[PDB]
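Below is one structure; the comments refer to it alone.
Every read-out reported here was derived from the displayed coordinates using simple, explicitly stated rules and does not represent laboratory data. For neighbour counting, all protein chains shown are included, and Cβ atoms are generated from backbone atoms with ideal geometry for every residue, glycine included.
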Amino acid sequence: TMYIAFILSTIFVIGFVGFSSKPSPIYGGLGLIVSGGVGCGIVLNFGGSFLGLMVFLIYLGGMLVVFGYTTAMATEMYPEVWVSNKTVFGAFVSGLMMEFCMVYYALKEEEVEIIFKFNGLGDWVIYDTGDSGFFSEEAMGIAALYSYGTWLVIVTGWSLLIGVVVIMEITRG
Amino acid sequence: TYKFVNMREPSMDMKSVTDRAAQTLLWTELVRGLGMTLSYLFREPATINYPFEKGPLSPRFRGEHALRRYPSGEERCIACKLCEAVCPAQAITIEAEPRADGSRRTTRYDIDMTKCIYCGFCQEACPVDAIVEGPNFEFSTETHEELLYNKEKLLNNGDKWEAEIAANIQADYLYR
Amino acid sequence: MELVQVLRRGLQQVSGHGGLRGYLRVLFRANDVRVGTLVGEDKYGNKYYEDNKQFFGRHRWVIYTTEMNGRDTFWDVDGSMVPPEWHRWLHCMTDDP
Amino acid sequence: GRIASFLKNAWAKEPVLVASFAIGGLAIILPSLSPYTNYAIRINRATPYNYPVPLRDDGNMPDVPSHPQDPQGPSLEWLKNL
Amino acid sequence: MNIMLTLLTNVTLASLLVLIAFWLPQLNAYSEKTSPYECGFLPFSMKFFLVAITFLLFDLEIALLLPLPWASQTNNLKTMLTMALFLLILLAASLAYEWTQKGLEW
Amino acid sequence: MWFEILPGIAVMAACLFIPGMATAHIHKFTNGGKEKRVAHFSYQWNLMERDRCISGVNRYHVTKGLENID
Amino acid sequence: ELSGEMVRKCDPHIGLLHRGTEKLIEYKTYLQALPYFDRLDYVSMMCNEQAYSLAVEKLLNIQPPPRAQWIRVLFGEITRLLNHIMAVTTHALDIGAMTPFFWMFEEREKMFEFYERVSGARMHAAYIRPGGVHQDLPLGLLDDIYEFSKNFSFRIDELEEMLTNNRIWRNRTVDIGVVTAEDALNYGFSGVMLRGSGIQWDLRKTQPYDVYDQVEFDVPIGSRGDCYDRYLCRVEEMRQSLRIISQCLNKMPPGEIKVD
Amino acid sequence: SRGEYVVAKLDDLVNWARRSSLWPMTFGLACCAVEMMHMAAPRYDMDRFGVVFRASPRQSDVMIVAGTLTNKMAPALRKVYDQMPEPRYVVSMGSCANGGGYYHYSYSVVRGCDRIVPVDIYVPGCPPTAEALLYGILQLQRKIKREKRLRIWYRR
Amino acid sequence: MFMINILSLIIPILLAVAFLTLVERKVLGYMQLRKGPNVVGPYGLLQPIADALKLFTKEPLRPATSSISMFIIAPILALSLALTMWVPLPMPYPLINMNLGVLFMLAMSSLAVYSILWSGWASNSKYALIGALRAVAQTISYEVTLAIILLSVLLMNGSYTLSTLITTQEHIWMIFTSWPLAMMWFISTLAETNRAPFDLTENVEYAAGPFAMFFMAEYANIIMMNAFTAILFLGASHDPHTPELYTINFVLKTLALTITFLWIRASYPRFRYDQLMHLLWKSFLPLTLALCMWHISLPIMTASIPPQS
Ligand code: SF4
Ligand code: SF4
Ligand code: SF4
């Protein structure tokens, strides 16, 4: 279980290939839910509990659920799987093969370099030895948004409100 | 002579408006209804324990048709066939011939209970109290053919239920 | 308090059905465990009980016999097992047993 | 006058909104007009999340407490009373 | 490993029950209902999508409102309070815009 | 009457009672007859890891007191 | 034809229970035709018989005996309770409120016993026959009717306690299916439909039949024409029916039960 | 034998489950539906026996034909019946459902629902009293209790 | 031993759901002057077993699923998420103690929504999709108000840790401090589980086993939500030496809340989609926002900011 993070990252890539093959929307949405869940697992493994639950509650919970909502109401497609017609099947298989080639060139060869330099050592090495005491670094920093990042709060809130306005103006016909 | 349902103006007294808003916000009437159902919970249930307990019934109850006999043992039916005529569903089929003795005894008294409406006109028409709807309501069958009752079936039903049928007639003949 | 009286009455009902065995027997054969005066028993074996205290509809009840006309009725309590003479009293057509 | 009637009409017709505006409004005005807000700030600062890194005594720091527990230094007695 | 074990056990239990409910009960022979799904041939009303996009945006604003419990421990209580009230006021303003204008049609 | 519902509610109550009791008992049984320690922050875990080393049997439940010193 | 969630054209297709009763009546005698009317409205049985009985009596140029007329009205109002219970409870049941249905249906079971005590059948009675009623009331029937009516008012109030003031019930009934008074008359609406819109019309008052002229009651009148007002009207009709029932139980005259 | 004993006991268990938790669908067509409601009314309370009125015909086990099956309604009855899952039992309530009753000679009345769908229990009456309908259901329960589907499969 | 704990959390909940079916039947009946299941076993104690056995023997009909794959995943997701939501709950000691257990619960409920969408879409049934989308709309509105209420009440808890709620409510139940939020929270929980009056009567294509599992998942969610309400507002005394006391009190509270769920089910007429959303958008949401403002300002203005740790 020392390479659990690497396994999760590979599964993340696999799910990305799955939904990036542009399959039937329903099957793709799943290809994204699976990858999203994996990514949350990776973030939790690095210690980002709040951010891990963030994607699960917002991205997977709401963003992808509204995406599915649309696919369900505007359903004009013939259902097909990732291993369906060659257009999707070949793309999925080729993506998996490219990922597997990267993995082999990464583990068997320690210093793998395609566009960036990568080291085959387990990601556990990058973890830093330190103690936060009675602290949640992630939580404390994110809560500092209300104290330090007042400007960020203002801009993000204005963007949200104007987003509601824009959505209504667009979907008024 | 006529009553105005609804048609009640709401008072705009600040106290009245306050109580109305209290009803809206604090959900008072919903709580009242909830309490009513809770009261119904602690009442005594009205379910009878069938078939160990049977529901109330009156002596005038109309059920399974039955052919009766005189105390001597002779079939009361004298083949007048007026019960066949009165039957609003044309369910009774009566064919009669002079018996060996010479009396008007039916050779066929067939009533398909699957067509009878259990109106009771037959028992009201019979001039000798021969065909009388019995007290048995639980005579469900598994095949359609069984519902069609022969004369023999009617005679057997009469012989089986005679005690109750006679008691009920004795308890109701004065009203009729 | 009256709660103790209720529990005691339950135990009395347990005793009145002839011990725990009979109490369970009436519980699992009739789904009712109240007791009443044995008005009478037909020849087939069905026993008829009446309790005026119970509300109309449950004042009179019949415990069906185990064996009737060469048929096991320990669990198969047919509604037509009631004899004609008892039918009047059980169905409240008359008030005379 | 006219505003007073409007409030009565609003509570008569849409009491939920009237309550929402009132609760929200108080949740803004009341904080500024409250003395315990100052205390709430002090309590947050008082809580010693991290170690109080000692300073090297130079001989010219009378106020700074060079001891475990003596009069020099901040006091949490105010909180104890609260 | 404990939480991973819980997830694995729950998922496997559910999948096993789905197996014993989808393939085991259909083993029993029940003749054959030679009954075709007679089909012989779109309500994409905005009434539904609007409920969805508005929910997405309100959920986004709720996401910004999540770190509030830890944000109450900040020394700059006034600033944090002002920002929190600002975010809540913006949520209320978005709701009011939709309510006042042609929105909340659901 | 209404007390006839009580049997089913009691059975459900026992069913729901099983989990909490099981969790508490298993926690105490696997944590040296003590409430299972919590690590919500790194400091708490650091104490556990130190305690594990101090015990010498790689178990944090066993705690060494003044008898262990000197 | 639904615009997604809005009703544009609701075409009612009927005839799923067309049994050709009218033609069958022509092939049977007047007495034999009476049971058919019981089936027509299987919720209000004896009321159907009364209408047929009055029509035959009018053609026969005969008058039912005074006792029978009071008996007809007494059971007629009992029949009105049966339907109003059925109408309100089943309407609430379809809306979602299921508890009131069972509460009032036990009272409906009690009233069915009154039918069976006087005719021998629970629903279809054929008791009101052209010329009067089939038989006289069984000794003790009137006393039990008084007992039921005495405790029936509480039951109606319990129904109101659970529905009338309930906001969800009002939202599902208030300002729903509003019918203008003029439309109701032109569309041939009758009964609660007319009264719901405020039209002060009731045959028991305007065109008295049997001994309804000898009873005193009040006609509930709606104000808005929505379902809620008609719901209130039907409830109030149940209350006023008890008023008529009490009068009949105290004015039942001695005499025969069929025209002599 | 032991095999017969095991199969018989298992068959009894299966029979008990179905007869105890029969789920009927209310195909209320006419007057008989009213008495069916009185069966589910507090006095008789079919639910006490485990017979709960299942609105969904796709999750029902007993179709209680209550009323006059007209020619116009006849196709619907059969189509609903074949969309019921198995085991499915049909209980005919009322003379109209049994053999047309008052409308046997009508021009637009099916001469009994037996023609359209196979019937298992016929409840006589017009309308059959709620106890009689309850009696029919209990008779159907006893009918299910007698069924030996597994035993016949083993002895085949 | 940990696996034993997982089993002792999963199996009892399923049995409790099975008997909750009978409890609901009997409670509704006795509120309707009827006796619930009383023939099948003593006091109907064998009724759930009979129902389960009948269901797992009924011929399963195929609903022409556009994607069996998906049609089968929906039940699995629902049941697994329902089982998982029980894990973080502190019955005094939780199985898995998470610093952010509350957010975990919310996320699990959010994923559960997909089961609805997947079921309807794969069902290949216009009416199925319409009804599924209506369910999506209903759960959409509840999540917002539920999240806001949960955040506001946890502003006095001091964190998202579920265990801390016991300590916060050690002296006084949270409801006495936040009763309006409690009202809206309970109604929102009703809306979440589609329990009446937020049902949409008239995933039905599911046959027998599948349906049975969906039913079990829904009722387990009912029990879990009532437990969450109990822990949030109806705090219970916990003696560290004897946790059984807290377990008993908590179980009793959860049972009371489920009984209230049934009591409401047979007390009120069902809402209408427009009415349900004009509640969860135009009555609850503004009040939730105002109360969130109040529950942010109150701890600061009263110097009652709860401890972070
Ligand atoms: S009316 Fe009576 S006597 Fe005449 S045929 Fe019928 S049963 Fe016989
Ligand atoms: S009771 Fe009516 S339906 Fe039955 S045989 Fe007599 S007349 Fe015919
Ligand atoms: S049998 Fe009688 S009560 Fe039943 S539907 Fe036919 S006419 Fe109506």
| message | Students often check this: by mean Cβ neighbours within 10 Å, which of D:42-50, I:73-81 ranks highest, and how do the rest follow? | response | I:73-81, D:42-50
| query | Which residues in the stretch C:61-83 place their backbone N less than 18 Å from a point set 7 Å from the Cα of G:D144 along the Cα-to-Cβ direction? | reply | C:61
| Any idea how far apart E:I3 and A:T1 come out in nm if each label point goes 7 Å out from Cα toward Cβ? | 1.3 nm
| Global form of the stretch E:1-101, assessed from the alpha-carbon gyration tensor, a/c cut-off 1.5 | oblate
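Given the -39500 (n - 2.57) contribution per DSSP H run of 4+ residues, what per-residue ellipticity at 222 nm results for chain E, rounded to the nearest 500 deg cm²/dmol?
The helix-only estimate for chain E comes to -22000 deg cm²/dmol at 222 nm.
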| Once every DSSP H run of n ≥ 4 in chain B is given -39500 (n - 2.57) and the sum is divided by its residues, what mean residue ellipticity at 222 nm do you get, rounded to the nearest 500 deg cm²/dmol? | -10500 deg cm²/dmol
| For I:231-243, what's the mean count of beta carbons from other chains sitting within 10 Å of each residue's beta carbon? | 1
| For the stretch D:9-28 and the stretch E:32-106, what is the separation of their C-alpha centers, rounded to whole Å? | 22 Å
| query | Among bridges DSSP assigns within the protein assembly as shown, what percent are antiparallel (round to 5)? | reply | 65 percent
| query | How do the peptides H:54-66, I:36-48 rank, highest first, by the average count of neighbouring beta carbon atoms within 10 Å per residue? | reply | I:36-48, H:54-66
| task | Would you mind computing, in nm to one decimal, how far apart the modelled labels at H:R146 and B:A163 are, each placed 7 Å from Cα along Cα→Cβ? | result | 2.7 nm
| note | Given H:121-130, H:106-115, D:57-66, A:80-89, the highest-first ranking by average Cβ count within 10 Å works out to H:121-130, H:106-115, A:80-89, D:57-66
| Cα centroids of the stretch A:42-121 and the stretch G:57-95: how far apart, whole angstrom? | 73 Å
| said: For a test of the definition: using alpha carbon positions, the gyration tensor, and the 1.5 limit on a/c, classify the stretch A:4-172 as rounded, prolate or oblate. | reply: oblate
| Residues listed by number, the stretch I:30-65, amide nitrogen under 17 Å from E:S35 label point at 7 Å toward C-beta | I:58-65
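Taking trypsin sites (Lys or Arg not before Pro) as exposed when DSSP calls them loop (any state but H, G, I, E, B) and at most 12 other Cβ atoms lie within 10 Å, what is the longest stretch of chain C free of them, the sites themselves excluded? Numbers along the way, then the final one.
Working: sites that count: C:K43, C:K53.
My reading of the result: C:54-97 is the longest stretch.
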| To the nearest 0.05, how large is the calculated FRET efficiency for B:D129 and B:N156 if R₀ is 22 Å and r is the Cβ-Cβ distance? | 0.75
| task | Taking only Cα atoms and a 10 Å spring cutoff, compute GNM fluctuations for chain B and point out the largest among B:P51, B:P59, B:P135. | result | B:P51
| message | Given R₀ = 35 Å, what would the calculated FRET efficiency be for I:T260 paired with B:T18, taking r from the Cβ atoms and rounding to 0.05? | response | 0.80
| remark: Nearest-0.05 FRET efficiency for B:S11 and I:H171 at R0 = 56 Å, using Cβ-Cβ distance, is 0.80
| task | Considering only DSSP beta bridges where both residues belong to chain H, give the percentage that are antiparallel (nearest 5). | result | 5 percent
| request: Would you work out if the stretch H:17-156 is rounded, prolate or oblate? Take a ≥ b ≥ c from the square roots of the eigenvalues of the alpha-carbon gyration tensor; rounded if a/c is under 1.5, else prolate when a/b is larger than b/c, oblate otherwise. | output: oblate
| message | Counting only helical runs of four or more DSSP H residues, what would the 222 nm mean residue ellipticity of chain I come to if each run contributes -39,500 (n - 2.57) and the total is spread over all its residues? | response | -22000 deg cm²/dmol
| query | Which pairs break 29 Å Cα to Cα here: H:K79/H:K143; E:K47/G:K9; G:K110/I:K58? | reply | G:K110/I:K58
| Normalised contact order of the stretch A:40-173, rounded percent, pairs of Cα under 8 Å and 6 or more residues apart | 12 percent
| How many angstrom separate the Cα center of the stretch I:38-85 from the Cα center of the stretch I:6-22? | 14 Å
| message | Averaged across B:116-129, how many Cβ atoms of other chains sit within 10 Å of each residue's Cβ atom? | response | 5
| query | Ordered by residue, what ³J(HN,Hα) values in Hz, to whole numbers, does the stretch I:49-66 give under the Karplus form 6.51 cos²θ - 1.76 cosθ + 1.60, where θ = phi - 60° and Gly and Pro are x? | reply | 5, 4, 4, 4, 4, 4, 4, 7, 10, 5, 4, x, 8, 8, x, 6, 4, 4
| remark: Once both label points are put 7 Å beyond Cα along the C-beta direction, the F:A10-A:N85 separation in nm becomes 6.5 nm
| field | Cβ neighbours within 10 Å from other chains - mean over D:28-35 | value | 5
